[PDB]
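Q: got a sequence here, can you model it:
(chains A and B)
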2 protein chains.
Amino acid sequence: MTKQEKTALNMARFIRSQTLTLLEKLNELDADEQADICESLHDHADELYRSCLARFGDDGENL
Amino acid sequence: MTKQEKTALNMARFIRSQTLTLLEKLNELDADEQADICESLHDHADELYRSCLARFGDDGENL
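A: Numbers count the residues shown, from 1 in each chain, chains lettered A, B, ... in the order given. Below, you will see the structure:
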């Protein structure tokens, strides 16, 4: 339906975004450390996302 | 100490709880696979909290 399915898909996609902006802020605080861990989180945020696309991959009914 | 440390810390802690709510709700939204990954993401997000508590040692969720 591309409805709620995308909503969940948006949440996972959103966390990835927070992790991106997190990377940023961490770099501001010379948090090299947290930055690495943040990119790993970035990927895993996508692990959630891509998988949310595996299920909610009905992104197409909306034209 | 500096509120920036606090904001960073809070975003890590945020993603942890956020992802928590996604594990359950996506599970409920029949997206258990995403729930699984949300569990790993749940604590991986917390890795930033841990590392932020290390580098910053800044906490104090209050106004």
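
Q: what about residue A:59, neighbour count?
A: 11 (other C-beta atoms under 10 Å in any protein chain shown). Quick note: C-beta positions are derived from backbone N, CA and C, even for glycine.

Q: and it, helix, strand or coil?
A: When states are read from DSSP: H, G, I helix; E, B strand; the rest coil, the local structure at residue A:59 comes out as coil.

Q: that one and residue A:13, how far apart?
A: Here residue A:59 is placed at a distance of 11 Å from residue A:13 (C-beta to C-beta, to the nearest Å).

Q: ditto for residue A:49
A: Distance of residue A:49 to residue A:13, given as C-beta to C-beta: 5 Å.

Q: just the element for the most centrally placed residue in chain A, please.
A: Averaging the C-alpha coordinates of chain A gives a centre point, and the residue nearest to it by C-alpha atoms, centre = their mean is residue A:16 (2.3 Å). Assignment of secondary structure by DSSP states H and E places residue A:16 within helix A:4-28.

Q: remind me what that helix packs against, helices and strands.
A: helix A:32-55, helix B:3-28, helix B:32-55 (3 or more C-beta pairs under 8 Å, 6 or more residues apart in numbering or on different chains; DSSP states H and E).
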